[PDB]
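Residue numbers (PDB author numbering): 1 to 119. This report refers to the structure that appears directly beneath it.
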Amino acid sequence: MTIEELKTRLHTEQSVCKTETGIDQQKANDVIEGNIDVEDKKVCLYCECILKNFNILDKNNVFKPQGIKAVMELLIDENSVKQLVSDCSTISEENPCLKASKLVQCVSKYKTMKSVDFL
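Here it is in structure tokens:
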């Protein structure tokens with residue numbers, strides 16, 4: 001997988017999840033920039049859709065270390081991946097929607113979706 005390929009895969013999932021949740025473009029743009037309004041219902045749904053479409057969150061709402069690694073390997077280094085995985089795996093949330101927005105917020109402090117466009 002090349003950087004230009006993931007950029008396109010990321011843009012596609014951003015478009016799919018926006019259409020699927022009905023999230024306002026400005027709110028979707030905030031999420032992409034790394035500004036997650038964790039409790040906003042459309043924000044958490046958009047986050048959930050993105051994580052699930054990338055196999056980061058499985059069907060049983062489990063944060064996947066192999067899922068994040070497959071996605072992050074080309075974006076961030078091993079050292080950063082291990083820190084991200086360790087940190088974000090500490091998120092304990094029963095509400096799947098809220099868990100998703102908290103996870104996207106956690107991942108965004110390492111690499112925002114917006115910053116991927118600079119590579």
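Just so it is clear, CB atoms sit at the ideal spot from N, CA and C, and this is done for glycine as well.
Using the rule of at least 16 other Cβ atoms within 10 Å of the residue's Cβ for burial, across every protein chain shown, is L74 buried or exposed?
In the sequence shown, residue 74 corresponds to position 74, counting from 1. Flag for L74 reads exposed.
Please identify the residue among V16, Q66, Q25 whose C-alpha is closest to the C-alpha of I50.
Against the sequence shown, residue 50 aligns to sequence position 50. Closest option to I50, Cα to Cα, is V16.
Cβ of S92 within 7 Å of Cβ of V38?
To locate residue 92, count along the sequence shown from 1; it is residue 92. To locate residue 38, count along the sequence shown from 1; it is residue 38. Their beta carbons are not under 7 Å apart, which means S92 does not touch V38 by this criterion.
For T21, is the classification buried or exposed, using 16 other Cβ atoms within 10 angstroms of its Cβ as the cut-off for buried?
Counting from one through the sequence shown, the residue named residue 21 turns up at place 21. When all chains shown are included, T21 counts as buried.
Skipping 5 residues on each side, what residues in its chain have a beta carbon closer than 7 Å to that of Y110?
On the sequence shown, position 110 is the one that residue 110 refers to. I76, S80, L84.
Considering only residues of the same chain and omitting the five flanking positions on each side of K69, which have a CB-CB separation below 8 Å?
Residue 69 sits at position 69 when you count from the first residue of the sequence shown. Excluding residues within five positions, the ones whose Cβ falls inside 8 Å are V81, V85.
Output the distance between the C-alpha atoms of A28 and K18, rounded to the nearest integer angstrom.
Residue 28 sits at position 28 when you count from the first residue of the sequence shown. Residue 18 sits at position 18 when you count from the first residue of the sequence shown. Distance between the alpha carbons of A28 and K18 is about 7 Å.
Exposed or buried, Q25, counting other C-beta atoms within 10 Å across all chains shown (16 or more means buried)?
Translated into the one-based positions of the sequence shown, residue 25 becomes position 25. Result: exposed.
Cα-Cα, which of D40, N60, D87 is closest to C106?
The count along the sequence shown starts at 1 and reaches residue 106 at position 106. Ranking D40, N60, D87 by Cα distance to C106 puts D87 first.
Helix, strand or coil for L57? Go by DSSP, reduced to three states.
As a first step, residue 57 must be located in the sequence shown, where it is residue number 57. Looking at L57 - three-state DSSP - the assignment turns out to be strand.
With 16 other CB atoms within 10 Å as the buried threshold, where does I23 fall?
To locate residue 23, count along the sequence shown from 1; it is residue 23. Its Cβ being crowded by 16 or more others within 10 Å, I23 is buried.
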